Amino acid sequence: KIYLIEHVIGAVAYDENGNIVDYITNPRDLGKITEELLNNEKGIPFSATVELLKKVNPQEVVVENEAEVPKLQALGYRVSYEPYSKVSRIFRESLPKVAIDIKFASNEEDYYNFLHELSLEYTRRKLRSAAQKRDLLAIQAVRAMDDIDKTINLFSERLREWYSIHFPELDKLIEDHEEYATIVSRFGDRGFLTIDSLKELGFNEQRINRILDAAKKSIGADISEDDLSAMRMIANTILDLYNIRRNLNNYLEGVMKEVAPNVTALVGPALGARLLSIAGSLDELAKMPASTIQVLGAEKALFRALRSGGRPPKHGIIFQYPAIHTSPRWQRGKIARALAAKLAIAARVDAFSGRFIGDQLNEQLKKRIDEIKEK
């Protein structure tokens, strides 16, 4: 029975006592060791290990890692694994030393110099494949979208309060922020509004007239061109941001269908991404029970209920789903529970590779919703 060790130092064989029966030293090469460590994660044995298991011809071998076992069985040996074995410890107890003994480095001084730069290079490598995940861009974009949303609203509220010094009646006449902004942007003074320039936005015959009459009889302030352009800077920023938003929605749709098609099928690009952003990743979203996915967002609401034993939230960021916020209060809980349930399934098929099944999921959901509403 041979206990086998894998390390940066190479591959060592030990008996049950803790004596080095035989060893094969690794090459002192950053490139190759890094790759074999990355490879060892998937179960793939070191090439120093392959050579060692040939030199010694052991009937029963035992390794450190459970992922290696089936690989070494495919190579011809009878194999098991012991986790925190006495031998693996015995090896590491003498690890400052046995680097010199098996001639991996001449002295301790540059065993560590090497090991340091391996660790530097080995994490540098992991840092890259973490950044290279496609879901991270979905997350950032939706976050920036929620920033823009927030800003559009802040500026539009500011603009209306501001521009209302000059033309106060326009505020209650234009519900839509984008329209409001377009007016302050395109015209300036209230006395510069004109019919055809307004017909061009989409304003119906009748409204144009109400706006113009409002401007004529306006009890607003007469103001300089310096003052107006100051306001107009905000208006143009608002308009810019609306274009950037729509651009970001399309970009987001592209990534979201690529990275999580099943989830996207259920709740759209934005809300799917939003759920990714609260969970942290797609793989984290997948690992969640529905009862979590149902309340993501709403954490203040959740932990209030958990601390005091009061009433929990019915829905977190899921509230944004058309079926929920439009539905009466007593139906919301059930629609949320059903959505979250399907979302969890959607996340898992998305995460663990499975090809698009969002159509039957939607159909299953809309069935459940139609039943809820017939009461």
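Each residue number is its position in the shown sequence, starting from 1.
Student: Pick between 329 to 337 and 54 to 62: the one whose mean CA B-factor in the entry is higher.
Tutor: Per the PDB entry, the higher value belongs to 54 to 62.
Student: Can you tell me which stretch has the higher mean Cα B-factor, 307 to 315 or 65 to 73?
Tutor: Higher mean C-alpha B-factor: 65 to 73.
Student: Divide the modelled residues of the chain into thirds by Cα B-factor and specify which third, lowest, middle or highest, holds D110.
Tutor: Answer is highest: the recorded C-alpha B-factor places it there.
Student: Comparing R232 with the other modelled residues of its chain, is its CA B-factor in the lowest, middle or highest third?
Tutor: CA B-factor rank for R232: lowest third.
Student: Split the chain's modelled residues into thirds by Cα B-factor; is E169 in the lowest, middle or highest one?
Tutor: As the PDB entry reports it, the C-alpha B-factor of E169 lands in the lowest third of its chain.
Student: For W162, return the chain-relative third of its C-alpha B-factor as stated in the PDB record: lowest, middle or highest.
Tutor: Lowest third.
Student: Lowest, middle or highest third: which one holds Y122 when the chain's residues are ordered by CA B-factor from the entry?
Tutor: It belongs to the middle third of the chain when residues are ordered by C-alpha B-factor.
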